[PDB]
Amino acid sequence: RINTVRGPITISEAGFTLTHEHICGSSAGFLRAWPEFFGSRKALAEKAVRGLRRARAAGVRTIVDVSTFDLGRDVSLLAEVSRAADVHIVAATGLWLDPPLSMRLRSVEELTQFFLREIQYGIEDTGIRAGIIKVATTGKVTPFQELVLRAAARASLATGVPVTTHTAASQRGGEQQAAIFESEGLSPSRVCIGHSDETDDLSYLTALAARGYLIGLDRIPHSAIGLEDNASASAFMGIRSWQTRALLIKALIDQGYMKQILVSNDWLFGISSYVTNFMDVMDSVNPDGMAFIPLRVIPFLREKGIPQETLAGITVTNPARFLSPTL
Amino acid sequence: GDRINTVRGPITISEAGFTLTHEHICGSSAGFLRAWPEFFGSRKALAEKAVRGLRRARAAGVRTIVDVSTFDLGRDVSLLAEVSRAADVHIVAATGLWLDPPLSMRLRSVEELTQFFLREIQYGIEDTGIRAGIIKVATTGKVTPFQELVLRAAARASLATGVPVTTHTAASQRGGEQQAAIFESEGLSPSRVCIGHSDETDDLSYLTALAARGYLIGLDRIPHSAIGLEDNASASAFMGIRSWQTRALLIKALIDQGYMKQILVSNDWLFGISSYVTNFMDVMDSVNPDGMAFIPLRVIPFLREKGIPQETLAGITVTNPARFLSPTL
Ligand SMILES: C[As](C)(=O)[O-]
Ligand SMILES: C[As](C)(=O)[O-]
Ligand SMILES: [Zn+2]
Ligand SMILES: [Zn+2]
Ligand SMILES: [Zn+2]
Ligand SMILES: [Zn+2]
């Protein structure tokens with residue numbers, strides 16, 4: 001069984017699953033302290049329910065919200081929008097790139113206890129258990145980030161829940177992550193190396209898949225175009241087209257690694273952790289939101305000759321194998 | 001105006017009595033107490049320790065504390081309200097930002113920060129309806145660009161509401177002078193500002209010049225001393241190795257210079273701490289088993305023994321905080 005914000009579900013219930021998404025990208029305590037930053041909590045919730053319902057109509061049945069503590073994860077919000085949209089949401093533990101001081105000062109043993117409490121006991125006082133561990137590193141792994149990755153590996157080994165990562169693909173950062181995970185005795189089949197569509201280095205990706213890692217091609221609609229004077233939507237966006245990113249999926253399929261591929265949008269319905277109104281920038285670039293994968297990428301791959309059963313394997317079978325707790 | 005926001009609602013300033021103007025129930029990080037209460041044993045254990053501690057402070061004469069924990073120090077006003085009611089000690093809550101703002105705060109403009117501080121003063125903290133009665137800000141010795149935004153937003157919020165501003169400084173780097181310059185550039189009266197952690201320095205020229213300008217001087221870490229614990233680097237780094245009597249003698253020094261009306265005294269104590277090394281609360285509790293009662297039980301008799309009149313001490317512990325906290329436009 002897989003833990004969701006509404007309780008446990010069987011593997012067969014998960015269906016078409018988006019493995020790297022967010023309801024809201026924020027900071028610990030921020031949604032509660034300043035909901036008017038998002039208009040209101042109600043407005044944010046209502047936008048998310050419409051968004052999830054659009055995704056559901058395009059075939060999505062489950063999303064994995066990989067928002068951590070320090071991304072301002074509010075599982076009560078996730079539970080509310082999941083119930084109203086009838087879309088399963090898997091919540092995350094772990095730490096992203098903005099840990100507060102009370103986290104930054106902790107040992108690997110302490111972080112392991114924290115990740116374990118969120119998986120085994122529940123998040124806050126909600127009883128909602130995490131079904132995935134999210135971690136992030138920048139280029140060369142910092143000392144604190146290494147502690148996070150080891151704590152993640154140890155919590156995964158104790159519970160069977162998988163680990164999913166944020167990296168800089170342009171720095172081939174998955175290699176350093178993999179080294180740390182393997183030193184801990186973690187199976188690569190429990191690990192998704194994410195934001196992997198941010199590079200054109202196919203050799204780097206194939207090497208990881210060969211070692212048994214899941215490859216997260218999860219920022220496909222963040223491609224953007226026509227924003228090279230933007231001091232925000234050029235370093236956070238790019239200039240590579242989304243079709244170019246999408247073709248990495250075909251490339252990995254053709255090398256015989258369709259079972260290793262996970263695809264997502266890395267979308268959200270509110271964001272406070274960047275510039276004000278960046279949500280408007282994102283929504284203008286990708287009006288499809290979380291429906292971008294099923295509405296654009298899947299038909300694009302089908303028209304490039306990828307068979308239905310392969311597309312179903314990638315969007316249904318692979319996430320189920322990944323999320324089902326396994327040791 | 002003649003009333004102050006507390007976590008149980010508004011009180012008249014006459015009700016504040018003996019007030020500790022820089023304290024904490026818990027030193028933490030946003031969201032942390034709710035996500036990981038076992039770090040503190042349990043939320044219940046932490047609340048109980050705070051109530052026992054506040055009750056002892058109350059027995060020693062304390063009637064009000066100002067909890068200067070901000071959003072990013074993990075302020076949980078619901079905890080403050082629970083322990084205030086159970087200890088029957090007034091607690092004034094804070095808005096502002098300390099030294100650990102998350103991205104969602106660090107990326108905000110001075111106008112946005114102003115709106116956040118005003119929300120916490122004028123509307124309430126989170127969904128609790130509890131309103132802040134003070135704005136807490138913190139800087140590095142050299143004020144960073146973001147910290148300067150925070151100080152300007154604090155000044156603007158103070159000017160709109162009358163509620164005071166209190167600061168964290170590196171007194172050894174004379175941090176208060178850069179802060180004062182920013183505050184005054186915004187038109188904020190020095191009488192609305194406490195330059196805190198000023199007992200970290202023995203430079204009386206720095207202290208008296210600020211006091212002469214009408215600033216309140218926070219001599220607010222009196223019990224903090226790692227003397228006898230020099231072999232504990234974290235203790236020394238957090239508390240210094242100046243004695244509590246050395247810190248306390250600055251209270252006398254500013255009185256002797258004629259600035260009794262500018263002095264505010266406190267412990268900068270707390271009942272749990274996650275924003276430093278593990279188990280540090282045990283180190284603090286061993287250094288100062290009196291907790292927040294340290295000021296009334298140890299420092300006040302020390303100053304009376306040094307000859308300071310009872311009326312002067314009452315003015316510092318009662319009148320000065322009342323004048324400071326009372327919203328004044
Ligand atoms: C806050 As993000 C760019 O990881 O969705
Ligand atoms: C919470 As503190 C050590 O900055 O007074
Ligand atoms: Zn990411
Ligand atoms: Zn993400
Ligand atoms: Zn301080
Ligand atoms: Zn303090």
Side-chain angles (χ1 to χ4, degrees), chain A residues 1-25 31 44-45 48-69 71-94 96 114-135 152 155-156 158-164 190 192 194 214 216 218 262-269 289-291 293-294 315-327, chain B residues 35:
Chain A
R1 295 244 263 189
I2 294 162
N3 282 323
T4 76
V5 299
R6 290 185 300 186
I9 69 171
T10 63
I11 288 175
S12 54
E13 295 182 70
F16 187 162
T17 296
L18 297 174
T19 51
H20 185 124
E21 302 299 336
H22 308 267
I23 294 309
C24 180
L31 179 55
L44 170 65
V49 169
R50 290 188 301 271
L52 289 170
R53 281 174 181 159
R54 152 111 97 148
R56 192 189 198 292
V60 177
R61 294 291 177 271
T62 299
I63 71 167
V64 184
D65 184 333
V66 295
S67 309
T68 53
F69 173 73
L71 273 168
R73 179 205 58 204
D74 184 332
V75 291
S76 67
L77 171 68
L78 273 51
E80 176 183 346
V81 299
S82 173
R83 294 183 182 284
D86 194 34
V87 170
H88 303 294
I89 301 182
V90 178
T93 188
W96 184 72
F114 174 65
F115 300 166
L116 286 172
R117 86 94 72 181
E118 300 209 309
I119 297 164
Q120 296 175 321
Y121 174 76
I123 291 161
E124 295 149 332
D125 60 353
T126 68
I128 297 170
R129 291 169 189 179
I132 195 167
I133 302 153
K134 164 73 177 287
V135 299
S156 176
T159 62
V161 305
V163 181
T164 191
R190 290 287 83 206
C192 177
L214 287 300
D218 52 39
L262 298 179
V263 304
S264 227
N265 310 270
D266 195 21
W267 214 245
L268 33 66
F269 300 111
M290 287 186 188
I293 289 305
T315 55
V316 179
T317 309
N318 290 358
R321 183 188 338 114
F322 185 61
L323 295 171
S324 191
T326 314
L327 289 170

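Residue numbers start from 1 in every chain, and the chains themselves are labelled A, B, ... in the order their sequence lines are given, proteins ahead of strands. We use all heavy atoms of the structure for the numbers below, so side chains are in, but hydrogens, waters and symmetry mates are not.
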Can you give me the closest heavy-atom contact between [X] and [Y], atom names plus distance?
| X | Y | answer |
| --- | --- | --- |
| A/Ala158 | A/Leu116 | CB-CD2, 4.0 Å |
| A/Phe322 | A/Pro162 | O-CG, 3.3 Å |
| A/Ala155 | A/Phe115 | CB-CB, 3.8 Å |
| A/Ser324 | A/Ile11 | OG-CD1, 3.2 Å |
| A/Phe16 | A/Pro294 | CE1-CB, 3.8 Å |
| A/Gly131 | A/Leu323 | O-CD2, 4.2 Å |

Side-chain donor/acceptor of [X] to backbone N/O of [Y], under 3.5 Å:
| X | Y | value |
| --- | --- | --- |
| A/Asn265 | A/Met290 | yes |
| A/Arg53 | A/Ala48 | no |
| A/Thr17 | A/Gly15 | yes |

Handout entry: Chi angles and distances behind the side chain to side chain donor-acceptor pair (under 3.5 Å) call for A/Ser76, A/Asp74
Key = CA-CA 5 Å; A/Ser76 67; A/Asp74 184 332; 2.5 Å; yes

Drop me the distance from [X]'s [atom1] to [Y]'s [atom2], to the nearest 0.5 angstrom.
| X | Y | atom1 | atom2 | result |
| --- | --- | --- | --- | --- |
| A/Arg56 | A/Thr62 | CZ | OG1 | 9.5 Å |
| A/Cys24 | A/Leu71 | SG | CG | 9.5 Å |
| A/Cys192 | A/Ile133 | SG | CD1 | 13.5 Å |
| A/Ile293 | A/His20 | CD1 | NE2 | 12.0 Å |
| A/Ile63 | A/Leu78 | CD1 | CG | 7.0 Å |

Problem - Salt bridge present between A/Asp86 and A/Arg6 (N-O < 4.0 angstrom) - result: yes

Practice task
Could you please spell out the steps behind the side-chain contact (heavy atoms from CB on, under 4.5 Å) verdict for A/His22 and A/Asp266?
Solution key: CA-CA 7 Å; A/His22 308 267; A/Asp266 195 21; 3.0 Å; yes

Exercise for the section: Run through A/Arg73, A/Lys134, A/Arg129 and flag the one making a salt bridge (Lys or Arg N to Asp or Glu O under 4.0 Å) with A/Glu118. Expected result: A/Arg73

Handout entry: Passing option when A/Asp65 is tested against A/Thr4, A/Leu77, A/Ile23 for side chain to side chain contact (heavy atoms under 4.5 Å, CB included)
Key = A/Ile23

Practice task
With A/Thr164 as reference, evaluate A/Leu262, A/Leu214, A/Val66, A/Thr19 under the side chain to side chain contact (heavy atoms under 4.5 Å, CB included) test and give the passing residue.
Solution key: A/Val66

Problem - side-chain contact (heavy atoms from CB on, under 4.5 Å) between A/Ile132 and A/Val161, intermediate numbers included - result: CA-CA 6 Å; A/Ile132 195 167; A/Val161 305; 5.9 Å; no

Practice task
For A/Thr326 and A/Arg190, run side-chain contact (heavy atoms from CB on, under 4.5 Å): C-alpha distance rounded to whole Å, both residues' side-chain angles, the deciding distance at 0.1 Å, then the answer.
Solution key: CA-CA 8 Å; A/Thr326 314; A/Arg190 290 287 83 206; 4.0 Å; yes

Exercise for the section: Scan side-chain atoms only and decide if A/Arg61 and A/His88 contain a donor-acceptor pair under the 3.5 Å cut-off. Expected result: no

